[PDB]
Amino acid sequence: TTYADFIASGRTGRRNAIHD
Amino acid sequence: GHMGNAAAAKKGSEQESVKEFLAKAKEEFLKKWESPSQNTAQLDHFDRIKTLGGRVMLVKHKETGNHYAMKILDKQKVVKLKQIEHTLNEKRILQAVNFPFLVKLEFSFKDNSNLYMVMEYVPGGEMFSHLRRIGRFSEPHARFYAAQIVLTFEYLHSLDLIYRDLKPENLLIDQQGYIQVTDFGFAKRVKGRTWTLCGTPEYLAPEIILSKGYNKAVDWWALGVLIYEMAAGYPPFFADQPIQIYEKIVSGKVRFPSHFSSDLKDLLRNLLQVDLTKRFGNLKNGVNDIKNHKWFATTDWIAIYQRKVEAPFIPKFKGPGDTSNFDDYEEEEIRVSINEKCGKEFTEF
């Protein structure tokens, strides 16, 4: 499922910004 | 038509009152923008207490007992990361804006090593924590928060400010259950287009990723991402690594949980719209395409602004300087050098 894929993505915690 | 005489006149009047409000708000903003406040306190006025999330820590004002969230910036690191302009700009914005869903700058000052911004302490913690705990918000719950973001962006955009870092991590829940937007590190006053690749991967609009320039409509895309994540529990575009997230964003193929209402799906398809000639918030009717959308039909925009709507969730208030709504972070001592650092670069702070 999409939720399972979300868990597997490793991006369930706080997300950092970028600046390039 | 969709509206009888009474409803049409009421809506027309409401939209004209918005214009009147924003004209006054811009006049007030520009006075403070052009003559910013400076040096309204000093470090020995405060007790250090705990780190809440640059680094932000809880402090207590020694004379009033009031608690605040103090953002501490190391001048040397700021230079090393080419962040001088961002940190000056963030403070300049915070001291000039005024809106009920923006956390307020209460004091600012500097010393030989660091810059300090002392803001309102918002003890209910981040939306992020509450969302991950509950899984997903009901649509009425999500709508209550979304309406505050819509009004906040209507305000900011009228000032030619683009926010550029919407996400649950940057939204704090106050003691009345209302949103407080924090962190203006990537905000920029731009009247036309800008080009910087900045923000958080999941929330970037296609045109930020692509080399083309972009405008305030990237914030309305980000709102679509936020509403989707609030209602689903996960964002519409994710992957293991940012590069793959960008590929999905630029394709723009969005799929929805089966529990999303039809009204919600229609709104999100119009916010998460790759084509700028079609994206809500970017058309002739401006923000009204969003505010008048069926998903917001039950929203009393004035009552939200006046904070008269009952919130769906009130954080547990365990005391004046209680931190039980925040994560724990490693604690650093906050060092101040005997020698002034980078003085010329930070004169305006």
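Here Cβ is always computed from backbone atoms with ideal geometry, including for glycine, and neighbour counts include all displayed protein chains. Throughout, read-outs are computed from the coordinates displayed, never taken from laboratory work.
Above 21 Å lies some portion of the pair distances; for segment B:253-349, what is it as a whole percent of all C-alpha pairs? Counting pairs separated by more than 21 Å, the tail of P(r) holds 67 percent. Segment B:1-53 and chain A have their alpha-carbon centroids 32 Å apart. Phi angles across segment B:20-36 convert, under the Karplus curve 6.51 cos²θ - 1.76 cosθ + 1.60 with θ = phi - 60°, into 3J(HN,Hα) values of 4, 4, 5, 5, 5, 5, 6, 4, 5, 4, 5, 4, 6, 4, 7, 9, x Hz, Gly and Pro given as x. Here A:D20, B:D289, B:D275, B:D240 are placed in order of increasing Cβ neighbour count within 10 Å, fewest first, which gives A:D20, B:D275, B:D240, B:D289.
Considering every alpha-carbon pair of segment B:53-124, the percent of pairs per 10 Å bin, from zero through the bin containing the longest distance, is 18, 50, 28, 4. Shape annotation for the protein assembly as shown: C-alpha extents along the principal axes are 69, 49, 45 Å, from largest to smallest.
Pairwise Cα separations in segment B:134-255 fall into 5 Å bins from 0 onward with the following percentages, short to long: 2, 11, 21, 24, 20, 14, 6, 2, 0.
The alpha-carbon atoms of chain B define a convex hull whose volume equals 154 cubic angstrom per residue.
Are there trypsin sites (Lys or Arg not before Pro) in segment B:215-324 that DSSP marks as loop and that have at most 13 other Cβ atoms within 10 Å, and which are they? Intermediate results must be reported in sequence, preceding the final value.
Working: sites: B:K216, B:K248, B:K253, B:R255, B:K265, B:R269, B:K278, B:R279, B:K284, B:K291, B:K294, B:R307, B:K308, B:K316, B:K318; in loops: B:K216, B:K253, B:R255, B:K278, B:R279, B:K284, B:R307, B:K308, B:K316, B:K318.
Taking segment B:215-324 and a limit of 13 other Cβ atoms within 10 Å, the loop trypsin sites (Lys or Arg not before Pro) found are B:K253, B:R255, B:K278, B:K284, B:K308, B:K316, B:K318.
Farthest towards the positive end of the charge dipole of the protein assembly as shown, among the residues B:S37, B:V103, B:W195, is the Cα of B:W195, using unit charges on the Cβ of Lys, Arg, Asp and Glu.
Its Cα centre serving as origin, the protein assembly as shown has a Cβ charge dipole (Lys and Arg +1, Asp and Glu -1) of approximately 720 debye. Each of B:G286, B:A147, B:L58 was scored by the projection of its Cα onto the charge dipole of the protein assembly as shown, and the greatest displacement toward the positive side belongs to B:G286; charges sit on the C-beta of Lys, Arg, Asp and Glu.
Here segment B:34-105 is assigned +1 on the Cβ of each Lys and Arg and -1 on the Cβ of each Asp and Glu. Its dipole about the Cα centre then comes out at about 320 debye. Take every Cα pair under 8 Å whose residues are at least 6 apart in sequence, average their separation, divide by the length of segment B:127-267, and the relative contact order is 25 percent.
Remark: segment B:250-255, residue by residue, has Karplus-estimated 3J(HN,Hα) of 5, 5, x, 6, 9, 10 Hz, where x stands for each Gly or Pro and the curve is 6.51 cos²θ - 1.76 cosθ + 1.60 at θ = phi - 60°. Note on segment B:287-328: Kirkwood radius taken over Cα pairs, Stokes-Einstein applied at 37 °C and 0.692 mPa s, translational D equal to 245 µm² s⁻¹.
Under 17 Å Cα-Cα from B:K212, which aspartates and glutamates qualify once same-chain neighbours fewer than 8 residues away are excluded? Those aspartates and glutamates meeting the cut-off are A:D20, B:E247, B:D275. Centroid-to-centroid, using Cα positions, segment B:235-268 and segment B:116-165 are 20 Å apart. Segment B:81-100 and segment B:173-197 have their alpha-carbon centroids 10 Å apart.
Annotation: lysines with alpha-carbon distance below 27 angstrom to B:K316 (same-chain offsets under eight excluded): B:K50, B:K60, B:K62, B:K71, B:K104, B:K167, B:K308. Here B:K19 is the anchor, and the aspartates and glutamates within straight C-alpha reach of less than 19 Å, apart from those fewer than 8 places off in the same chain, are B:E27, B:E28, B:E154, B:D160, B:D289, B:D300.
Overall, chain B carries a charge dipole of about 820 debye about its Cα centre when +1 sits on the Cβ of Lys and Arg and -1 on the Cβ of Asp and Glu, all other atoms neutral. Relative contact order of segment B:220-349: 16 percent, from C-alpha pairs under 8 Å at least 6 residues apart in sequence.
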